[PDB]
Amino acid sequence: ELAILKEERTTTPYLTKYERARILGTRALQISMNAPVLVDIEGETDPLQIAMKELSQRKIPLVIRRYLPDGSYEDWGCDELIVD
Amino acid sequence: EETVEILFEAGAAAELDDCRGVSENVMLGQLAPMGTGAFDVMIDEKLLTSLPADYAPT
Amino acid sequence: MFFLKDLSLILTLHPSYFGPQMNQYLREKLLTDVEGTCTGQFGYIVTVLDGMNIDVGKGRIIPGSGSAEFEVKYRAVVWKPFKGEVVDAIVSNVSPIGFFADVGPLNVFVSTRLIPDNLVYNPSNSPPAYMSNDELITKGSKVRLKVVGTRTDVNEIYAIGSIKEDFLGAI
Amino acid sequence: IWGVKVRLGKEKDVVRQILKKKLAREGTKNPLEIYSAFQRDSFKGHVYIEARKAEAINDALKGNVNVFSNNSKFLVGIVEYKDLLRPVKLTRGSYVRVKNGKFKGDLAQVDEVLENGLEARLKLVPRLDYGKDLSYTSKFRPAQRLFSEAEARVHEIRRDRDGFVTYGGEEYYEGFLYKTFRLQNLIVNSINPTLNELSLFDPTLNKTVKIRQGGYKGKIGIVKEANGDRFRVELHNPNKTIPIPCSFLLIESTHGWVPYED
Amino acid sequence: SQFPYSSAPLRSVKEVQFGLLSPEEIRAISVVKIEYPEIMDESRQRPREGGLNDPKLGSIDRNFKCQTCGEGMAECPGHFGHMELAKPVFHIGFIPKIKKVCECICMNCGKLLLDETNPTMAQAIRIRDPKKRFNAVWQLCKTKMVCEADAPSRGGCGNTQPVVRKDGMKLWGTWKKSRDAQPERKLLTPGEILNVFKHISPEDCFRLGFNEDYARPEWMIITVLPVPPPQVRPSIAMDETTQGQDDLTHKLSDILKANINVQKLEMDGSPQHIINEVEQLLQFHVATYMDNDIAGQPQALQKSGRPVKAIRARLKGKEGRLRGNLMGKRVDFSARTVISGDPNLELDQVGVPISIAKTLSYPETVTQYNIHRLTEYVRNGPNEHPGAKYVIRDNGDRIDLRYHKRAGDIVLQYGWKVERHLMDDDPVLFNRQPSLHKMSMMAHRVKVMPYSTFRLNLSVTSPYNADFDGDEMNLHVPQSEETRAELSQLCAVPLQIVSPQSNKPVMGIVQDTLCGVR
Amino acid sequence: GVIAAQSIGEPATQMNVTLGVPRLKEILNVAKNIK
Amino acid sequence: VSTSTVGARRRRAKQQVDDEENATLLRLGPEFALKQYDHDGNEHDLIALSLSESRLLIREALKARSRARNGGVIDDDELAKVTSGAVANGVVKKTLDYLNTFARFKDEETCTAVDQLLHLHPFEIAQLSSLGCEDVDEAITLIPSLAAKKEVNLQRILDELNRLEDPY
Amino acid sequence: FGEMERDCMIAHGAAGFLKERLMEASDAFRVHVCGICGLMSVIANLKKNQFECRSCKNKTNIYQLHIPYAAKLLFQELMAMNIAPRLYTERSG
Amino acid sequence: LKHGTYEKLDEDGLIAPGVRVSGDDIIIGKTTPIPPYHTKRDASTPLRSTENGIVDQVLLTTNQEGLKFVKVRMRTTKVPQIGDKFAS
RNA sequence: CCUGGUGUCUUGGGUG
DNA sequence: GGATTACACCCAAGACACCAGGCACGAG
DNA sequence: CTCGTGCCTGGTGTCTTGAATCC
Ligand SMILES: [Mg+2]
Ligand SMILES: [Zn+2]
Ligand SMILES: [Zn+2]
Ligand SMILES: [Zn+2]
């Protein structure tokens, strides 16, 4: 009902600074609670560093639900949004 | 301003507060609809299925 | 009284369960938690329909805790009895204060002041029964009673019956 | 009859003052034209004055320092007069509550009253110490417990009759105190029995230490915390508490600073 | 996590519905009736049941469990009582609105003086906002000076209506008896008005902007008073073994005493003129209990001479509940000291004294990648840096490492938390008051250093408007993985170099370095 | 919103027609009779 | 804990005593209203199930799930062991055995015949199938709501039910 | 943490940080509400695991909230002045 | 009882001059009885948590009402360091 | 053998 | 007729009255 | 030994008349 179909999504295709900060923190948090990590971990073992590594390779398994003013929303996966 | 007067008047006219403002949520200690709180984060069940099978929940 | 009900359950998932078979874990998790349980609002939930194909939707991540929240919408077979409903039963016990009858999941108590006088408890008979001449109420005897009151413990519900009316009793 | 507002607690004084003024002016060319005045305890802060003209009320109160200057007098209806002058228990075997002394607040049975009619003999659960700390108040009294004559015999007593003892000049019969109280010292009305009444009726901490090795060698200190192996010495010399290993300490004892053989 | 597990579903608040508490509802949530003003049983320990500290209202003592919920004093919210009033009294907050309602309705049957037949009045009922509609109606009906028995039958009683005036806590109505004759204004008691309000119809209740479920107009008159639990009015000990009571506790005693004397009148000696002095005094105490800043009359005073702290005064002003405890409040994990400059620190660093670094902490979750590292901190303990202060299990029990003598026998499990000392490159929020603009709060990276001042690289003095003539600054430590990331990716110093105020930098090379570079 | 509020207020804290703070006050207070 | 599509139930000014469950007065409470809504918001008639329908669905669901648990590989005592836990084992076994001793039409051939015969409030249509009756006199007494409806066929209902009914 | 520091975190858009500061790092409190009447009138015995809002006769539709203690305090002071602050967890329009 | 050490008090309830003290140490021991053994409650005075130094002098006397009255003066030395303030 | 509470309301003088 | 009147922080310096009743001590 | 006076403690309850601008 409220959900907007993939072909008709209108919001910006770039990840905003606020979306980026929330994604990094949430994913960091999940890793520190021993969620399966999707990239190779070499020397960089801090929780925030691993999450930043996953972001750079487009491998974070999360979806942004962007609410529009009327309450409807577009779901965007972090795999498809372009990160500067 | 006019703190107590607002609240007495709000009671007598049964006002409904829809909790969309920043100030409403701050004083109730809930994540405010602003900045990092202006959206929800969902788990991408479709993208997890590309992982190998030995990572699976039992 | 059986119904089909479209229900839903809020499930919280710890982040360490975020793997490729997440949905299958949730399907097992839903069934273990819901099947066989009773609530006063719906009754006994007997079996859930189409369990292996339930669409769980997307999980909401809880801010500040990392855990994920799923709303699993589903469809089940539910059993709730009702006051006024006439039903058949199978007697489980007979005692000086009446009898207990198993109607599927639960047990119904009918007291002595709502039992007709000509049905006399006979302990000396082998096996023990409520007896007449052409009537025979032994364990497993079809009897017809009417539910006159439902009490709710929110864990198991308790219903009281009566055979103090027309056409109710053994058949 | 007019009522008049007066300073709380000064109602009797105002009635007095009105009488003096009345009597002093009797037979003069300017008599005080009031007939009577009175004050009811139940009616705090009011005096009532009997007269024919309102002006006489003002005259009665003129200059009275206990009366509120505001022109607050009020008229009483004839049908209200007698109620203003309404004057208004206690039976042997009934319960009352004591209002004074160490037994203040306690429930007591009325045993009997004096011939004259003033004080009543009460049967009371005693609050005694059997002279335990002798060489009392209601805030530093004892718990209630029936008198025990064998306890008194053991610890500190005159037998007077069957089950009757005088102990420290009070009378106890079958365990109860019988003591006279003024009737004005007991409450007879609206008593509420209580729940309770319904039921009844490491060895080197803090010792001085000298350090024998390291950069702090020769300094005095005190063992502040000795969890294990690593001590916390509060050094005297700079205002600092240090972590230090146990091999480094000398402890003071009867003869000098002794190594870890103490 | 500091909360024991409860099976009830966790949700957030989406809506706040304000309204009035009906008399019936007050009794339904109450757990005890309050009658006796004597707080103590008889000054012999254990407070008196039915008294103002009845243990069913709750525990403010560490050793007595609540006799209603079984929970300790920390979890127990407290439960309300109720106090029956012998006679209904006005709510001091609602008097001017009550006054407005009288001129709108008939003082006999209570019907709205105008109908949809009046064209301008039919326009006024369409107004969507309840407050404006009510005012628009009253603006019309104000000049209607008689309740008509007949349409311009409407259910009217034919009586002319009085002009109601407020005189302190009393309302006077002047009726014009049917040129000029003599009018007799009698007092409009709360009880008289109470009965009139219950006969207002549901349809006229809506048209007056009130609400049948939430704000029914007779609930503006007080008949039973809710007795707040002791958490709202705690006792304090002035000099250890001497405790005084809260202003509300003393004031509720006065209302309770005054309530008993109204019961003491109607059964015997009432000289009428005495009934009016005692009932008005009950009205007085109930008024100043809620609002002790009533204009035009003297304030209620404590025996010390200073005014009583009423509930209204608790909420207003800089130190009250809203501006002093909810819009801002005191917080944990903070620190403050004098600042000094250091040119040999990076722009985004802050030098943090060792003593401060051992008091503050961050709860780092134990994982497979850091478990070996974190055990080293545990052996060092709270007094050697780099060390740690607590180990927190998933159940919430903290192990205090100051008093654990068998610290060597702890083995860490995944998912536990170790509250370790503050350490190099942890982000912290740094702040100088007054916070005039957003660059008064920027995230710096900690560098632990000897000596007791905070060190700043000199080029950040300008956005803080800081200097080193005695200024102090505040440091706040984020307490979770989510907020560390928010600090470093949104609030960090290099992101703040250009300000949106004037699309230009707010930091540059300054003082010695700027003089020298020329 | 908040950024706008701080951007206007901060310069005011360091600062024949009326000018400066008294004139600023007339605007926000939308006074009917200006000086 | 577990909730449904039906929500809020905020307070109203007038109370209601059409809520107390009475099968005689067609009061099934707020959850079992005549018109329900599924998990997509679509309108839907209340689903009341006779003993014959219910026996087929529950047994089918259990053996299809049992086959699924076996990767794709009759008696009531065997079908109840599919559940997990002794609490679950109990309620499911007792329900099949109860239905095993009171379901007249114990196969899908006869059941679909009864299904087409019956397929006017939806609750009454389901009641008539569950309670066996001989004559019209017996149906309107035990189920007193069928009185003032003036639309029998009742006799041919009972005749077909009894004729399809196998001997015992 | 005064009113002016609150505003700075809004400007940064650091909504998550502001929530934590004013709750977990201070006076966080758990309350129970009745799903029907919205009041904090629930009597909750956690070791007996039984809950009841006596007014609504409701033992099933009950929610828990995390709110500041000073907000819980505020609502009880409002109740004491006959103001009903009803906390509902869902909208309706 | 308070959490600090009581081991620097002498038998008269007063600490003696010359003893170094640190924060939360008790320097004046005093009790108050509990109204209606094991009857008293501590009412002692600890040194301010942020301070240290040496007890210099202890005055013992009585006040106008005749009860006992003490004053304990503590001295320490403050040495200039980073952060201290100076002015011409 | 784990838990572990010390006041408030003002006023005045100061710091940036 | 009230309400408005920067922010944060430090520290030292203070606390019910009168009347009536009961008990104890001293003097005759 | 008895009576009277003084002091202390506990309980209950108030009152002689005497900073300035704005909406
Ligand atoms: Mg400066
Ligand atoms: Zn409680
Ligand atoms: Zn009328
Ligand atoms: Zn409720």
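## Comments concerning the overall build of chain F
A count of helical and extended segments in chain F gives two helices and zero strands. By its C-alpha atoms, chain F is 30 × 20 × 10 Å across when sized along the principal axes. Burial analysis of chain F (35 residues in total) assigns 11% to the buried set. Carbon and sulfur atoms make up 61% of the accessible area of chain F, which totals about 3100 Å².

## Structural notes on the overall build of chain H
Helices and strands together make up the secondary structure of chain H, namely three helices and five strands. Tracing chain H from N to C terminus, the helices and strands come up as α-α-β-β-β-β-α-β. Against the compact-globule benchmark of 12 Å for 93 residues, chain H has a radius of gyration of 16 Å, which places it well outside the compact range. Principal-axis analysis of the C-alpha atoms places the extent of chain H at approximately 45 × 30 × 30 Å. Taking all 93 residues of chain H together, the buried fraction comes to 69%. Sequence separation of 24 or more characterises 50% of the internal contacts of chain H that already satisfy a separation of 6 or more. Across chain H, 12 positive and 9 negative side-chain charges occur, with their mean positions spaced 14 Å apart.

## Things to note about the coordination of the zinc ion (ligand 2)
Residues and elements named next belong to chain E. At 2.1 to 2.4 Å from the zinc ion (ligand 2) lie its protein donor atoms, namely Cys66 (SG), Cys69 (SG), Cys76 (SG) and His79 (NE2). Each of the four donor atoms around the zinc ion (ligand 2) contributes to a set of angles spanning 98 to 123°, which defines the coordination as tetrahedral. Read in sequence order, the donor residues for the zinc ion (ligand 2) give the motif C-x2-C-x6-C-x2-H. According to the relative accessible area criterion, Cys76 is buried, its value standing at 3%.

## So, the interface of chain A and chain C
Across the contact, nine residues belong to chain A and ten residues belong to chain C. Here chain A packs against chain C, burying approximately 770 Å² in sum over the two surfaces, 64% of which is carbon and sulfur. Put simply, chain A and chain C have one salt bridge between them. Here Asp75 of chain A ties to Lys58 of chain C by a salt bridge, and the two come within 3.5 Å at their closest N and O atoms. Where chain A meets chain C, there are one residue pair in polar contact. Among the elements that take part in the side of chain A that touches chain C, helix 1 (residues 17-32) of chain A stands out by supplying four residues, more than any other. Of the residues contributing to the side of chain A that touches chain C, the split by class is four nonpolar, three polar and two charged.

## Points about the nonpolar core
Grouped together as the largest cluster of nonpolar side chains are 118 residues, with contacts concentrated most on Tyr48 of chain D, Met83, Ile105, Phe197 and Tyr289 of chain E together with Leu74 of chain H. The next biggest cluster of nonpolar side chains, apart from the first, holds 52 residues, and it includes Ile50 and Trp76 of chain A together with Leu13 and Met22 of chain C.

## Concerning the sheet that holds strand 4 (residues 170-175) of chain E
Sheet strands line up and pair through hydrogen bonds in the backbone, either parallel or antiparallel. All names here are of chain E. Reading across from one edge, 3-4-5 is the order of the three strands in this open sheet, with antiparallel pairing throughout. Across the chains shown, the open sheet's two edge strands, defined by having one partner strand only, are strand 3 (163-167) and strand 5 (184-187). Averaged over neighbouring strand pairs, the angle between their axes works out to 25° when direction is ignored. Alignment of strand 4 against strand 5, held across four bridges, turns out to be antiparallel. Residue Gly173 lies in a different strand from strand 5, and its bridge partner there is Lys186. Packed onto the sheet, helix 2 (residues 95-104) meets strand 3 and strand 4 and runs at close to 165° relative to strand 3.

## Overview of the sheet that holds strand 12 (residues 388-392) of chain E
All names here are of chain E. Taken in spatial order, the four strands line up as 11-14-12-13 in an open sheet, and their pairing is antiparallel. Only two strands of the sheet have a single partner each, and these edge strands are strand 11 (361-365) and strand 13 (398-400). Neighbour to neighbour, the strand axes of the sheet diverge by 25° on average, direction disregarded. Across three bridges, strand 12 lies against strand 13 in antiparallel orientation.

## What about the UniProt feature "binding site: Zn(2+) 1" (unreviewed entry) in chain H?
All names here are of chain H. When the UniProt feature table is mapped onto this chain numbering, "binding site: Zn(2+) 1" (unreviewed entry) sits at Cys34, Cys37, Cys53 and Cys56. On the basis of their most widely separated C-alpha atoms, the annotated residues across 23 residues gather in one place, lying no more than 9.0 Å apart. Mapped onto the elements, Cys37 comes out in the loop between strand 1 (28-34) and strand 2 (43-45). Mapped onto the secondary structure, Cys53 falls in the loop between strand 3 (50-52) and strand 4 (62-68). Not counting residues up to four positions away in its chain, the partners in contact with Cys53 are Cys34, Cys37, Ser41, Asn58 and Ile62.

## So, the protein's contact with DNA strand K
Lining the immediate surroundings of DNA strand K are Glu1 of chain B, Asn100 and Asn185 of chain D, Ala295, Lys303, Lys318, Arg330 and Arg336 of chain E, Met4 of chain H together with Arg48 of chain I. Of all DNA strand K atoms lying within 4 Å of any protein atom, the proportion belonging to sugar or phosphate reaches 80%. In this structure, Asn100 of chain D approaches DNA strand K through a side-chain N or O atom, which is 3.1 Å from a sugar or linking oxygen. A distance of 2.6 Å separates a phosphate oxygen of DNA strand K from a polar atom in the side chain of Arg48 of chain I. Of the residues that constitute the surface near DNA strand K, the class distribution is two nonpolar, two polar and six charged.

## Focus: the pairing of strand 3 (residues 46-51) of chain D
Residue and element names in this part refer to chain D. The element strand 3 is extensively covered by neighbouring structure, given that five of its six residues are classed as buried. Bridge count for strand 1 (residues 2-5) against strand 3 is four bridges, and the pairing is antiparallel. The residue bridging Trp2 from the neighbouring strand is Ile49, located in strand 3. Bridge count for strand 2 (residues 34-38) against strand 3 is four bridges, and the pairing is antiparallel. From the neighbouring strand, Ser36 faces strand 3, where its bridge partner is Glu50.

## Quick word on a negative patch on the surface
A cluster of like negative charges, contributed by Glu60, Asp107, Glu108, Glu109 and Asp166 of chain G, occupies part of the molecular surface. Tracing the chain through its elements places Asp166 of chain G in the segment after helix 7 (154-164).

## Some details on the pairing of strand 16 (residues 441-449) of chain E
Remark: a regular strand shows side chains that alternate across the two faces of the sheet. Residues and elements named next belong to chain E. Pairing analysis gives five bridges linking strand 10 (residues 349-353) to strand 16, with the strands arranged parallel. Across the sheet, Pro353 pairs through a bridge with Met449, a residue of strand 16. Relative to strand 16, strand 15 (residues 427-431) runs antiparallel, the two sharing five bridges. Within strand 16, the residue paired with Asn431 across the bridge is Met441.

## Here's the deal with the protein's contact with DNA strand L
What surrounds DNA strand L is the set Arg7, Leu8, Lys44, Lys104, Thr137 and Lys139 of chain D together with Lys303 of chain E. Backbone sugar and phosphate groups make up 71% of those atoms of DNA strand L lying within 4 Å of the protein. Between DNA strand L and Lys44 of chain D, the relevant distance is 3.2 Å, taken from a phosphate oxygen to a side-chain nitrogen or oxygen of the residue. Of the residues assigned to the surface near DNA strand L, the class counts are one nonpolar, one polar and five charged.

## Structural notes on the arrangement of the chains
For the 18 pairs of chains in contact, the maximum contact count is reached by chains E and H. Nowhere do chain A and chain D come into contact; their C-alpha atoms are at least 31 Å apart. In this view chain C stays clear of chain I, with the nearest C-alpha atoms of the two still 36 Å from each other.

Each value, and the rule that gives it
Residues numbered from 1 in each chain as written, not as in the entry; some residues may be left out. Chains lettered and ligands numbered in written order. Part of a larger assembly, values for the part shown. Heavy atoms only, no water. Helix = DSSP H or I, 4+ residues; strand = E, 2+ residues; numbered from the N terminus. Buried < 20%, exposed > 50% of the residue type's maximum accessible area, 1.4 Å probe, protein only. Areas by Shrake-Rupley, 256 points an atom, 1.4 Å probe, with all protein chains shown as cover. Rg over C-alpha atoms; globule rule 2.2 N^0.38 Å. Contact = heavy atoms within 4.5 Å. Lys, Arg positive; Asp, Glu negative; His and termini not counted. Charge placed at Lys NZ, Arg CZ, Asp CG, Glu CD. Donors = N, O, S within 2.8 Å, 3.2 Å for Na, K, Ca; no water. Tetrahedral: all angles 85-135°; square planar, octahedral: opposite > 155°, others 65-115°. Buried area = accessible area lost by both parts, 1.4 Å probe. Salt bridge = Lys/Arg side-chain N within 4 Å of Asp/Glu carboxyl O. Polar contact = N/O pair within 3.5 Å; in protein donor to acceptor, adjacent residues only side chain to side chain. Nonpolar A, V, L, I, M, F, W, Y, C, P; charged D, E, K, R; others polar. Core = buried A, V, L, I, M, F, W, Y, C linked by side-chain atoms within 4.5 Å. Pairing = 2+ DSSP bridges. Axes fitted to C-alpha atoms, helices over the stretch in contact; angles between N-to-C directions. UniProt positions renumbered as here; feature names shortened; annotations may be inferred. Near = heavy atom within 4 Å. Patch = residues over 30% accessible without salt bridge, like charges linked within 9 Å, V, L, I, M, F, W, Y side chains within 5 Å.

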